[PDB]
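So this first bit is one chain, no partners, the form deposited in one PDB entry, shown in structure tokens.
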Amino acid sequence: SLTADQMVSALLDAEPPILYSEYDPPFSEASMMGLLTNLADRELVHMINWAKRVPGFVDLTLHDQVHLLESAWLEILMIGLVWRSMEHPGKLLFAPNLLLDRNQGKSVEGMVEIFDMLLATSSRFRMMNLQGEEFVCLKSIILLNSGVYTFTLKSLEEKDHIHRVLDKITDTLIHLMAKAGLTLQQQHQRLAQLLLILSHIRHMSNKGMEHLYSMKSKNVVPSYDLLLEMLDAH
């Protein structure tokens, strides 16, 4: 029932904070993955808070909320990272005090390939002059769309709802571009350009998941119970 303007405002007010890496006056290659894992894990907690504020998300069953976050969490971490890296050519701003380049990526086997994809996405944002309002729409779309093709009377109802919210976010993107002064043709073209970036983000998440698993740590994905517990508040 939200208007396009109300949708934008809701999403902007929902934005999580930018977190820091630990301070101690040197950085070492050996400690890099530990610092990244620590940031990712802290970002996840804020991500769950954020998701619950995306219009229509808490209308879903807790089960389906968990499934959507299971599907989307790394994509959401990535698009967040690319967004805060956009103004820093050649670098990934994991935190304001953890700004990393390609060569630092090389220290971890298999990492530079994923760094390069992320850097390429940052460059594409930059060449498109992606706006914050557009970014928060894209991030919401990822949340709602990434797990929807892999979820029953209840579920049919859930899927219809998700599609209706996704349509509203399309309307919102178009509203933003119209107010930005784009022609109808430029509006459709840019809508398309933005949504095609989501294919690349999905690609990066799958490649990244492969990479994280290859590292042989104790776990990679947030468990159902963990997501549930964070989501399943009293």
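Residue positions are given as counts along the sequence shown, with the first one as 1.
There is another form of this protein, the form solved in complex with a partner chain, and it is not shown here; the text below is about that form.
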> Within a 4.5 Å heavy atom cut-off, is residue 230 in contact with the partner chain in the bound PDB entry?
Replying inline: yes
> Is there any non-hydrogen atom of residue 30 lying within 4.5 Å of the partner chain in the bound PDB entry?
Replying inline: no
> Would residue 220 count as touching the partner chain in the bound PDB entry under a 4.5 Å heavy atom rule?
Replying inline: no
